[PDB]
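Excluded from the calculations below are hydrogen atoms, water molecules and symmetry mates; all remaining heavy atoms, backbone and side chain alike, are included. Both ligands and their constituent atoms are indexed starting at 1 by order of listing. Each residue takes its place number in the sequence, starting with 1.
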Amino acid sequence: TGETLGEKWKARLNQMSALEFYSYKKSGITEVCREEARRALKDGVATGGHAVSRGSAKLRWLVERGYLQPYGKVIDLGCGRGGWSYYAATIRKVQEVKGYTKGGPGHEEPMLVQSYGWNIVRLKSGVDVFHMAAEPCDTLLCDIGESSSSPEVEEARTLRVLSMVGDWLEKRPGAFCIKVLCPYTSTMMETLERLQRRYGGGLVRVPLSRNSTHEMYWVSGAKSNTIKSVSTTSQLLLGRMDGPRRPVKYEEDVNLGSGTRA
Ligand SMILES: Nc1nc2c(ncn2[C@@H]2O[C@H](COP(=O)(O)OP(=O)(O)OP(=O)(O)O)[C@@H](O)[C@H]2O)c(=O)[nH]1
Ligand SMILES: Nc1ncnc2c1ncn2[C@@H]1O[C@H](CSCC[C@H](N)C(=O)O)[C@@H](O)[C@H]1O
């Protein structure tokens, strides 16, 4: 014993055969159709309203449910191509969005499309956020966390993220959404519950997430129990390994429109 359910799921995950993992990573998950979005971005239709990545539909799913209500100044730590930034520009109460990513050889460089509100969005690449000082903001976004086959490695990097956002949350942002890659260890649930008492909010699982990751999102509009919501998600991914394979629930990708904003 000694293992959490999430630590049990990870061990079983690492022991699946090639196809067993292949047919499981998207068994029963929701997924937006990205075929026509890439073809228009590959060609260059910047005013078609196409999302730059799958991150737009994931963040949209959270906002269309009030899991957070962005407004005012928005900071997007780890913007990559800008899926979260280009969607936040379409929110009415949002007035300004600033993005920061690393980019480089093995990372995503920001894309410049013109969906609705593109003129208020800036994406500065080559920025290490862990060495960047925190600014006062209205809403804070963070989608940083690379996957590892080791739960202890995912633990360490997830903790590095939550310490970094500690000074950003200290700038009293009104709303926030922070990616929690590994929330299933004993220390994480201890850590997250400590940050919750202090900064509020709650942990949420997104159906668009693959079953190959235990990531959950720490949003400001939720008030779910720390240990209960994780264990519910740990049991979900475990139950999806045992039974028969399930189809993917496809849905239409988000369209962000076009045009400028004053
Ligand atoms: N048994 C098995 N487990 C894997 C494999 N690849 C990843 N896992 C696990 O998947 C976790 C995260 O996978 P990701 O690479 O981030 O995303 P993905 O679901 O694998 O998507 P793909 O890269 O297309 O396979 C890793 O931490 C590994 O623990 C594999 O090939 N076989
Ligand atoms: N220490 C760091 N500082 C700044 N950016 C980092 C970073 N570590 C990783 N990143 C970047 O953060 C990004 C997170 S993936 C972001 C995807 C985005 N939310 C979308 O919807 O498109 C990656 O592209 C990675 O290159």
Straight-line distance of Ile227 CD1 to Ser234 OG, nearest 0.5 Å: 11.5 Å

Let me check something: do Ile120 and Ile75 share a hydrophobic cluster, defined by ILVMFWY side-chain heavy atoms less than 4.5 Å apart, either directly or through other members? no

Distances for all N or O pairs of ligand 2 and the protein under 3.5 Å?
residue  : atom   : partner : partner atom : Å
ligand 2 : 1 (N)  : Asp128  : OD1          : 3.3
ligand 2 : 3 (N)  : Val129  : N            : 3.0
ligand 2 : 5 (N)  : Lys102  : N            : 3.4
ligand 2 : 19 (N) : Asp143  : OD2          : 3.0
ligand 2 : 21 (O) : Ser53   : OG           : 3.2
ligand 2 : 22 (O) : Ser53   : OG           : 2.7
ligand 2 : 22 (O) : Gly83   : N            : 3.4
ligand 2 : 24 (O) : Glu108  : OE1          : 2.4
ligand 2 : 26 (O) : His107  : ND1          : 3.3
ligand 2 : 26 (O) : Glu108  : OE1          : 3.4

Anything under 3.5 Å between an N or O on ligand 1 and a protein N or O? List each pair with its distance, or write none.
residue  : atom   : partner : partner atom : Å
ligand 1 : 1 (N)  : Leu13   : O            : 2.8
ligand 1 : 1 (N)  : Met16   : N            : 3.3
ligand 1 : 1 (N)  : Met16   : O            : 2.6
ligand 1 : 3 (N)  : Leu13   : O            : 3.2
ligand 1 : 16 (O) : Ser147  : OG           : 3.4
ligand 1 : 19 (O) : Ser212  : OG           : 2.2
ligand 1 : 21 (O) : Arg210  : NH1          : 3.4
ligand 1 : 27 (O) : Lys10   : NZ           : 2.6
ligand 1 : 27 (O) : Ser148  : O            : 2.8
ligand 1 : 27 (O) : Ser149  : N            : 3.3
ligand 1 : 29 (O) : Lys10   : NZ           : 2.7
ligand 1 : 29 (O) : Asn14   : ND2          : 2.8

Ring of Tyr217, cation from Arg205 - is the NZ or CZ under 6.0 Å from the centre and inside 45° of the axis? no

Name of the residue among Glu155, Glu3, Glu154, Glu7 meeting side chain to side chain donor-acceptor pair (under 3.5 Å) with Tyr184: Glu154

Compute whether any side-chain donor of one residue and acceptor of the other, for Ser125 and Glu109, lie under 3.5 angstrom apart.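 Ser125 vs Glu109: donor-acceptor pair found between side chains.
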
Nearest non-hydrogen partners of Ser186 and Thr4, listed with the distance: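 Taking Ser186 first and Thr4 second, the nearest heavy atoms are OG-CG2, 3.8 Å.
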
Smallest separation among heavy atoms of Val204 and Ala222, with atom names: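 Closest heavy-atom pair between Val204 and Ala222: CG2-CB, 3.7 Å.
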
Say whether, by atom type as modelled, one donor and one acceptor occur between the side chain of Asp138 and the main chain of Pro70 under 3.5 angstrom. no

Residue from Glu215, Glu152, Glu146 passing salt bridge (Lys or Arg N to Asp or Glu O under 4.0 Å) with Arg157: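 One option only clears the test, and that one is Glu146.
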
